[PDB]
Amino acid sequence: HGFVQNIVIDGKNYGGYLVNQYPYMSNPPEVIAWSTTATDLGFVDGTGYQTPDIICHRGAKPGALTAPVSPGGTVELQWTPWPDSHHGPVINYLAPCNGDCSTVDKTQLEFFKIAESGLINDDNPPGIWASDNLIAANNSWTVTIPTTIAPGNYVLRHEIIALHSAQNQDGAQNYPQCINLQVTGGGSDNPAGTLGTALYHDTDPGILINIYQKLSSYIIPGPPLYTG
Ligand SMILES: [Cu+2]
Ligand SMILES: [Cu+2]
Ligand SMILES: [Cu+2]
């Protein structure tokens, strides 16, 4: 359980969608982060992979604002403290808004994977995962925006998938967090995108999995990584 509190880009903080504060107001502030109804700080499990909830989390609506990023710039997402028990991959996608991200229909977004990190070491099962890297970085993840993609407005869908209960069907816990970015530069690629509801299926080998045994490999879920 947790969420993204803050986003650091080019020397300033962009406050996140504070899901334990803003839902409790009739008049919440405008931010670059999508609003959600996930006030339990919880997740979307396999029962929701083909519902709109998987796209940007439960009940999500686009943020009003969009943050510019320098070409090949970094975006640092700062989480609430991630539990070590919640071992799993950290995955990053972009989907073009083809216009203002604040007015997109999320069900039409087509995401391409820009980064993925999974099982890092398995000397002591359940092992060390991307989630553990996130914890070791004081609950932060740094995403680099590719220089090779077409500039424009994009949703960044940043996600941890916790696997501590994933040995049962629908036991994996997805924690997607979306923010609006203005990607800048000279790139030209428009990578093939995957609908949010076609990212994951509840029997995928990286989703329905027993992490407590020795693992010879880990197939990070979702569509293929865009490599340039
Ligand atoms: Cu949890
Ligand atoms: Cu562990
Ligand atoms: Cu190219």
Side-chain angles (χ1 to χ4, degrees), residues 1-25 28-29 31-46 48 53-60 63 67 74-93 114-144 155-167 171-181 200 206-207 209 211-212 215 218 220-222:
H1 291 57
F3 65 97
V4 169
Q5 287 193 313
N6 186 60
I7 304 94
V8 189
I9 300 169
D10 299 316
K12 64 172 284 174
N13 292 165
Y14 292 88
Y17 185 77
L18 308 184
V19 74
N20 60 179
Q21 300 189 59
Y22 302 163
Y24 302 101
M25 316 166 181
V31 287
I32 69 169
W34 286 45
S35 57
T36 82
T37 59
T39 56
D40 62 347
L41 278 52
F43 54 83
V44 179
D45 65 31
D53 286 349
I54 193 60
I55 300 162
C56 285
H57 220 314
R58 300 198 307 269
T74 59
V75 177
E76 182 188 344
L77 304 102
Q78 299 180 336
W79 286 79
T80 55
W82 194 250
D84 308 64
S85 64
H86 284 40
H87 303 99
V90 177
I91 311 170
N92 289 279
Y93 305 84
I114 60 159
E116 62 179 356
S117 181
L119 174 58
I120 314 299
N121 176 265
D122 205 43
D123 290 357
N124 296 291
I128 302 170
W129 294 76
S131 56
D132 302 295
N133 291 181
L134 182 146
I135 292 165
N138 299 113
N139 310 113
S140 183
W141 196 264
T142 299
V143 178
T144 300
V155 179
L156 174 68
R157 181 184 181 282
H158 170 69
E159 181 180 39
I160 307 169
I161 308 177
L163 300 174
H164 48 106
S165 190
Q167 79 194 59
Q173 296 175 2
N174 292 230
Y175 298 82
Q177 296 281 270
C178 292
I179 65 173
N180 297 332
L181 300 179
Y200 305 118
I207 295 288
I209 185 175
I211 66 169
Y212 298 102
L215 294 174
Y218 176 76
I220 303 168

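By convention here, the first residue in the shown sequence is residue 1.
- Remark: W34 engages no residue in a ring-ring contact (aromatic ring centres under 6.0 Å, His included) (not counting sequence neighbours).
- Taking NE2 of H86 as the start and NE2 of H164 as the end, the distance is 3.5 Å to the nearest 0.5 Å.
- Smallest separation of non-hydrogen atoms from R157 and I55: NE-O, 2.8 Å.
- Among residues two or more places apart in sequence or in another chain, the ring-ring contact (aromatic ring centres under 6.0 Å, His included) test is passed with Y93 by none.
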For this session: Go through the steps to decide whether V4 and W79 satisfy the test side chain to side chain contact (heavy atoms under 4.5 Å, CB included), and finish with yes or no.
Result: CA-CA 4 Å; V4 169; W79 286 79; 3.5 Å; yes
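- Taking OH from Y175 and NE2 from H57, the interatomic distance works out to 7.5 Å, rounded to the nearest 0.5 Å.
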Problem set entry | Working for side chain to side chain contact (heavy atoms under 4.5 Å, CB included), residues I179 and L77 | CA-CA 10 Å; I179 65 173; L77 304 102; 4.2 Å; yes
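- In this structure, CD1 in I114 is found 5.5 Å from CG in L156, a value given to the nearest 0.5 Å.
- Contacts classified as side chain to side chain donor-acceptor pair (under 3.5 Å) and involving residues 129-140 (residues at least two apart or in different chains) are given here: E76-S140.
- Here the CD-CG distance, from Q78 to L134, works out to 10.5 Å after rounding to the nearest 0.5 Å.
- Using modelled atom types, no side-chain atom of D122 and backbone atom of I128 make a donor-acceptor pair closer than 3.5 Å.
- The closest side-chain heavy-atom distance from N180 to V155 is below 4.5 Å.
- Considering all non-hydrogen atoms of both residues, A67 and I9 come closest at CB-CD1, 3.6 Å.
- The nearest pair of heavy atoms linking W82 to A162 is CZ2-CB, 4.4 Å.
- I161 and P221 get closest at one heavy-atom pair: CD1-CG, 4.3 Å.
- Expressed to the nearest 0.5 Å, how far CD1 of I160 lies from CD1 of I91 amounts to 10.5 Å.
- When the side chain to side chain contact (heavy atoms under 4.5 Å, CB included) test is applied to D40, the partners found at least two apart in sequence or on another chain are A38, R58.
- The structure places CD of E116 at 4.0 Å from CD1 of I220, a figure rounded to the nearest 0.5 Å.
- For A166, the side chain to side chain contact (heavy atoms under 4.5 Å, CB included) partners two or more places apart in sequence, or in a different chain, are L163, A172, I209.
- Side-chain atoms of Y200 do not come within 3.5 Å of backbone N or O of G46 as any donor-acceptor pair.
- The side chain to side chain donor-acceptor pair (under 3.5 Å) contacts involving residues 11-20 comprise nothing, where partners must be two or more places apart or lie in separate chains.
- Across all non-hydrogen atoms, the minimal contact from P125 to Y212 is CB-O, 3.5 Å.
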